[PDB]
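Visitor: Before I ask anything, here's the sequence and the deposited coordinates:
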Amino acid sequence: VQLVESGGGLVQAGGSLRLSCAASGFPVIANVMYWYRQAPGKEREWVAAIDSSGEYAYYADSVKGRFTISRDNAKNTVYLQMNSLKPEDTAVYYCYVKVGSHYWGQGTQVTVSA
Amino acid sequence: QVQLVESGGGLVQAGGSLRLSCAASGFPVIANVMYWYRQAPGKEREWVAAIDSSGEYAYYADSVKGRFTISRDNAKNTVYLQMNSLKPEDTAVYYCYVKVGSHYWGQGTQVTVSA
Amino acid sequence: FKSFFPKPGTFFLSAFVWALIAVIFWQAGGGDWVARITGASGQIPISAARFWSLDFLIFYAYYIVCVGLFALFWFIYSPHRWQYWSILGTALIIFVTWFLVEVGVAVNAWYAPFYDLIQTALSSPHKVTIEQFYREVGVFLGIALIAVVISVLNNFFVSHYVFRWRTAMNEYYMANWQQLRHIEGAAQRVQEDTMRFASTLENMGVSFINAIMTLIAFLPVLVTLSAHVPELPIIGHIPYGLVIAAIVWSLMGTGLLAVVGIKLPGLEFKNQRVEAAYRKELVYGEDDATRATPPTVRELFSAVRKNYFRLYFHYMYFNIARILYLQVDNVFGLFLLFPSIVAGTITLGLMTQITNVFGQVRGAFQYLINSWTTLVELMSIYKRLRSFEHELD
Amino acid sequence: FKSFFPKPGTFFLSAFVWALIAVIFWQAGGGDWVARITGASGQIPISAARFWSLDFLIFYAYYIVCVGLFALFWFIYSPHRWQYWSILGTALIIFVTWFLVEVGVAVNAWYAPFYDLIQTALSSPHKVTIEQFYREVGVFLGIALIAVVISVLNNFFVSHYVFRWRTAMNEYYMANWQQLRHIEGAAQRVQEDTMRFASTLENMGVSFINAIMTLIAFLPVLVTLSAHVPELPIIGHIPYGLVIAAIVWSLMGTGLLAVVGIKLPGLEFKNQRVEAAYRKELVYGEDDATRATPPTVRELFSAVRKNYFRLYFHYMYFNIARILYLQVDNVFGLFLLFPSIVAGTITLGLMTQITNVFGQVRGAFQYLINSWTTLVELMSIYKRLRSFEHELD
């Protein structure tokens, strides 16, 4: 499994931004797939998680409601949509899956200017 | 008020000893528990030692217990940290702390312990 | 029953029907309408100031109105001497039990920010000032003071209410002592069984009510907290896995101990019977030189010895089960959160709050079996009193 | 006493003298010499493997040798019938109580690395793997399994030992029942009082012993942990701040509870007296309308009502004190560590260990006060049995 993050860039305070974490290797159809984020000057922080079927999604307190995580099991991709982006939501976003061993995505930088 | 100043500490080749002096200058600090903290490169500050207002009672962290000695020299306002058997991960910036109404940190001295 | 309360079956049925009607009208429907009319925001504070917030105040007013209407109907329909203690006293006891459950819920909610602050303080030295800790402990002290006052007044009222029940039953029995004199053990009944029955029934009712409201209060809390626990240790992701694994653990702790301990009260009864027979043969030999002979007394002590050894050996299995469960439960709360601790989905405050909710749910499930154990002796004393009263009629 | 044990005063005095001699020879002197002879290192593992470590095995051998020598002296100086259950049965109970205290100490010691690892895992997501948590839980489960087995066997042996004591006393009483027949309520003495006196003495002895060893085990632990707590809130630096604060808190709690809980037994005895008088007047119900007249039962019930109300008020005071203390204790555990949490001198594991030590010390003091409470009823039953036996002489 080789997680690849695509999307994310420069947006203003308040807006929308979609990220696609695509896997390429062993199927992740039966694994809970996580989205973490790391702000400059802090350790990594949990953002979201989606189960195997994609019906149940779990959110962090700071990103609940404003963030939506979905999973396209056919394409082995997980999509994270940010809406109403506060400037505090600037970070490198990572995608995580534990298929026997831990697999961390390359991470994509998301900037939310005021 | 109190202006802590750290003196001493430098480059050692392990096994050696280093004495750091935390000279205070201001409101008397002869009635406050005085602390020595440590910040290694890449980590956050760690507690190293604490000394009573009289120097009789000394408290050490587990990582530095025995190998380090904290002493007080009241009437000159100078606490002393003696580092014995300096292991290579005892390399860090060493800070001196005292709370007299408000917090007071000193400009910590950099100590390098090469192997 | 007929002495303290009004017509018992009708009274209890009407109380249950009215409670269900009020719950249906409030928790689904008119409750939100009354909140909107009064203007309650719905933001319940975590401190001790929530107990006089608008939501709590309107609930208090609604409960008072419902209880007053029910009491007025029962006063006009069937007046009674002890109506003020039987009707209003029971309502007050129920309300105070609910209030104590709500205080426990408030403390559980306070447990999260306090330990989040503790973790923040332990992250880096001298990052969090001690005044924040003082403020948090002051909030907890306010909540605890409210709890202390309410619990003390509750105990006072409960004891006085129990004694009023005993007074009513004693008055009824003394009004008929001339006809109940000839019944064997009448003095023992009127002296001890009245108080024992009153205290036992009060305790069973309060324990069952508290067990019900503890679950009703701490199941939504656990459901809310389960959103931060996306994975269980070995099985993996199970929808609402935290709630399922807490209910299953509590059901194991209340339904495995009972299964391995169903023969315990059937053996204590045998041990009480053989000892009673031993004492009977001893007392028969007091004013008699021919009874309580060495062989007769030896063969009667051998029976109590052999029936005590059975209880001692059968309690071994229950001891193994209970002690093993109590030792495992210390860390089974954290076991279910290990993947969340590793993955960093919960903080220290949420983990502590979850482990507290687990303990409170287990306490409710323990209150249920305790209520059953109370009901055992309740049925015994009720059989005694019913036979004593029926021999009159 | 003379039926189960050998000469009671001499036996207990010799037991205490030999225990003091062995403690003096072991804890200061020959203990280290024997450890050096056996080549046992001072490293005590935190897992369940410490209970067969060389130090623990050496202590087991020393205890066995000392108890065997004491038993061999007492089996030949004054042979007895129940010497194998009173001399070698009490020593086993004491040893198992000490072992359970040591198991609690081992669990306390395990509490520090586990919560240190929890804090490390919560510092950054996916920094600590879950296998480390599984290993820690496995260590705790080994310790807990040892505890479960030992506790179950201890309960079994304690119950059988109590019944052996009751058997000895019952045999003695049946040996002289021909002379003890003409005594009021002798059947109650030989059946109820024997069992209750044996059980209460067993419980009081075990509770006192357990409290003493709990204090002895957990005071050095607190002294060692106090090195990471330079200063206490408000007061500042007190040389042994943690130990002094914990001891003072527990002592003041037990003193406050006992000051208001010494008046309660008198009121309880008064209530029992008026209830017994009410039953006695209800008895004589075979004496037609002459006895148990309405005025008499009215007066006796008024008396019992007044005494019950007095008990309710005094227990209201005691409840205020006890509930306030219990509510405060939960956060007074962490109040003394607030400055250390702020300054970063202790970690999560050390803080949890300190709170656990506080709880165990408070439990030891509670066991002491409950041992005194059991001694009260023990003195009552001993007075009853002593009068019953002296009436023969």
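Guide: Yes, it's here. Numbers count the residues shown, from 1 in each chain, chains lettered A, B, ... in the order given.
Visitor: Spell out which residues of chain A are next to chain D.
Guide: A:36, A:43-46, A:96, A:102 (Cβ under 8 Å from any Cβ of the partner chain). Where you see a C-beta, it was placed from the backbone N, CA and C, and this is true even at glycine.
Visitor: again with the stretch 151-300 of chain C
Guide: Within the stretch 151-300 of chain C, the residues that sit near chain D (Cβ under 8 Å from any Cβ) are C:151-152, C:155-156, C:159-160, C:163, C:167, C:170, C:174, C:177-178, C:181, C:186-188, C:190-192, C:233, C:275, C:278-279, C:282-283, C:285-286, C:289, C:292, C:294, C:297-298.
Visitor: please redo it, this time with the cut-off set to 7 Å
Guide: For the stretch 151-300 of chain C, the contact set with chain D under Cβ under 7 Å from any Cβ of the partner chain comprises C:151-152, C:155-156, C:159-160, C:163, C:170, C:174, C:177, C:181, C:186-187, C:190-191, C:275, C:278-279, C:282-283, C:285-286, C:292, C:297.
Visitor: now, which of these lie within helices?
Guide: Using DSSP state H, the members of those that fall in helices are C:151-152, C:155-156, C:159-160, C:163, C:170, C:174, C:177, C:186-187, C:275, C:278-279, C:282-283, C:297.
Visitor: Distance check, residue C:291 against residue C:300.
Guide: 11 Å (Cβ to Cβ, to the nearest Å).
Visitor: overlap in contacts of the two?
Guide: residue C:281 (Cβ atoms under 7 Å, 6 or more residues apart in numbering or on different chains).
Visitor: out of the two, which sits in the more crowded spot?
Guide: Taking neighbours as other Cβ atoms under 10 Å in any protein chain shown, residue C:291 and residue C:300 compare with residue C:300 leading, 19 against 14.
Visitor: Confirm for me that the more buried one is in contact with residue C:282.
Guide: No. Using Cβ atoms under 7 Å, residue C:300 is not in contact with residue C:282; the gap is 8.6 Å.
Visitor: Residue A:19 falls within a helix, correct?
Guide: No. Residue A:19 is assigned strand when assessed by DSSP: H, G, I helix; E, B strand; the rest coil, not a helix.
Visitor: re earlier: nearest to chain C, out of the residues of chain A next to chain D: which one, please.
Guide: residue A:46 (5.0 Å; Cβ to the nearest Cβ).
Visitor: does the strand or helix carrying the closest one come close to chain C?
Guide: For residue A:46, the host element (DSSP states H and E) is strand A:44-50. Yes. Using Cβ under 7 Å from any Cβ as the criterion, contacts between strand A:44-50 and chain C involve A:46, A:49.
Visitor: can the helix or strand following that strand be found next to chain C?
Guide: Downstream of strand A:44-50, the next assigned helix or strand under DSSP H and E is strand A:57-59. Yes. Residues of strand A:57-59 contacting chain C under Cβ under 7 Å from any Cβ: residue A:58.
Visitor: elements contacting strand A:57-59?
Guide: If you count contacts as 3 or more Cβ pairs under 7 Å, 6 or more residues apart in numbering or on different chains; DSSP states H and E, strand A:57-59 packs onto strand A:44-50.
Visitor: Neighbouring strands - and their directions - for the strand it packs on?
Guide: Next to strand A:44-50 in the sheet, as set by DSSP bridges, lie strand A:33-38 (antiparallel), strand A:57-59 (antiparallel).
Visitor: The last one: how far from the chain's middle?
Guide: Computed by Cα atoms, centre = their mean, to the nearest Å, the separation of strand A:57-59 from the middle of its chain amounts to 11 Å.
Visitor: Any chance you could list what contacts it?
Guide: A:48-50, A:67, A:69, C:227-228, C:230.
Visitor: In contact with residue A:28, which residues?
Guide: Taking Cβ under 7 Å, 6+ apart, we find residue A:28 in contact with A:1, A:76, A:97, A:99.
Visitor: sorry, that was for residue C:63
Guide: Applying Cβ under 7 Å, 6+ apart, the residues near residue C:63 are residue C:95.
Visitor: And the host helix or strand of it, what's buried?
Guide: Per DSSP H and E: residue C:63 is located in helix C:54-77. Of all the residues in helix C:54-77, those buried under the rule 16 or more other Cβ atoms under 10 Å in any protein chain shown are C:55-56, C:58-59, C:62-63, C:66-67, C:70-71, C:74.
Visitor: Alongside chain C, which residues does chain A contribute?
Guide: Going by Cβ under 7 Å from any Cβ, the residues of chain A near chain C are A:32, A:34, A:46, A:49, A:51-52, A:56, A:58.
Visitor: Out of those, which is nearest to chain B?
Guide: Using Cβ to the nearest Cβ, the residues of chain A next to chain C come closest to chain B at residue A:46, 20.6 Å.
Visitor: Chain neighbours aside, what residue packs nearest to the closest residue to chain D within chain A?
Guide: In chain A, the residue that lies nearest chain D is residue A:43 (4.6 Å; Cβ to the nearest Cβ). The shortest distance from residue A:43 to any non-neighbouring residue, by Cβ to Cβ, 6 or more residues apart in numbering or on different chains, is to residue D:124 (4.6 Å).
Visitor: wait, that neighbour sits on residue A:42?
Guide: No. Here residue D:124 does not reach residue A:42: they are 9.9 Å apart, not a contact under Cβ under 7 Å.
Visitor: burial count for residue C:283?
Guide: If we define neighbours as other Cβ under 10 Å, then residue C:283 has 18 of them.
Visitor: surely residue C:209 meets residue C:94?
Guide: Yes. Residue C:209 lies in contact with residue C:94 (Cβ under 7 Å); the separation is 6.1 Å.
Visitor: Other residues contacting stretch A:17-26?
Guide: A:1-8, A:11, A:76-82, A:85, A:93, A:95, A:97, A:99, A:105, A:108, A:110.
Visitor: Look at it and report the distance between its end residues.
Guide: 28 Å (Cα to Cα, to the nearest Å).
Visitor: Residue C:156 is in contact with residue D:316, isn't it?
Guide: Yes. In this structure, residue C:156 is within contact of residue D:316 by Cβ under 7 Å, at 5.2 Å.
Visitor: Can you classify the closest residue to residue C:339 other than its chain neighbours as helix, strand or coil?
Guide: Here the nearest residue to residue C:339 in space, its sequence neighbours aside, is residue C:231; by Cβ to Cβ, 6+ apart that works out to 4.4 Å. Three-state assignment for residue C:231 (three-state DSSP): coil.
Visitor: Got the phi and psi for residue C:231?
Guide: Main-chain torsions, residue C:231, degrees, to the nearest 10: phi -150, psi 140.
Visitor: Hmm, it is touching residue C:338, no?
Guide: No. Residue C:231 is not in contact with residue C:338 according to Cβ under 7 Å; the separation is 9.5 Å.
Visitor: how big is the angle separating the host helix or strand of residue C:17 from helix C:54-77?
Guide: Following DSSP H and E, one finds residue C:17 within helix C:8-25. Interaxial angle, helix C:8-25 versus helix C:54-77 (axes from the mean of the first three to the mean of the last three Cα atoms, to 10 degrees): 150 degrees.
Visitor: sec struct for residue C:289, please.
Guide: Applying three-state DSSP: residue C:289 is coil.
Visitor: Against residue D:346, how distant is it?
Guide: Computed with Cβ to Cβ, the distance linking residue C:289 and residue D:346 is 75 Å.
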